[PDB]
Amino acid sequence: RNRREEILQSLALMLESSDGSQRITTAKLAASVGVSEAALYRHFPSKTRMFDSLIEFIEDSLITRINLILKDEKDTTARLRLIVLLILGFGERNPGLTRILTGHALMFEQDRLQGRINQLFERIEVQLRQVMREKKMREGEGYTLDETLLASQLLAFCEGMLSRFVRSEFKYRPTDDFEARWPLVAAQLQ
């Protein structure tokens, strides 16, 4: 119930906190939830599972809002801008999950989990390319450069900002100066 979600909420908070640079032991996670280690296992079979649930929430949040953007906004460049802003905004709003997105928190857990995060990035990049491929249809002319190069370029930018947010103890917020940065990023869309 609120207990399962509660554990998850405490895990994200520890991830966001200074404890997030260290492994989140079941002991430490249990202490933070206010219950015993055993209590944790009534709701999850493993710690691996808790990260899986956190990753599911990240994928759902991002994929669902990406589709929302695609249905509401039809301008290709506007689409690109909004998806990038959504990723940075989502990361900034959830520092602990960003720590999962950048791979850092997963260093202590199952290699499979980083695999999940890589698939999520591939999905996002795949959507980026698709948006780019509709421009010719949408406005008469496509981009001159390879969409695969442009999309990796956009994602590289997002991953770079998230990585900085993480190394800086979350001081370098991902959306800071977004308005001044986007124009620079868009200049690449040739």
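Heads up: residue numbers just count along the shown sequence, starting at 1.
Asks: So which stretch wins on mean C-alpha B-factor, 147 to 155 or 131 to 139?
Replies: Mean B over CA atoms: larger for 131 to 139.
Asks: Looking at the entry, does 69 to 77 or 101 to 109 show the higher mean C-alpha B-factor?
Replies: If you average the C-alpha B-factors of 69 to 77 and of 101 to 109, the larger mean comes out for 69 to 77.
Asks: Based on the PDB record, which member of 26, 64, 53, 163 exhibits the highest Cα temperature factor?
Replies: Within the set 26, 64, 53, 163, 64 shows the top C-alpha B-factor.
Asks: Split the chain's modelled residues into thirds by Cα B-factor; is residue 126 in the lowest, middle or highest one?
Replies: For residue 126, the deposited C-alpha B-factor lands in the middle third.
Asks: Tell me, lowest, middle or highest third: where does the Cα B factor of residue 181 rank within its chain?
Replies: According to the entry, residue 181 has a C-alpha B-factor in the chain's lowest third.
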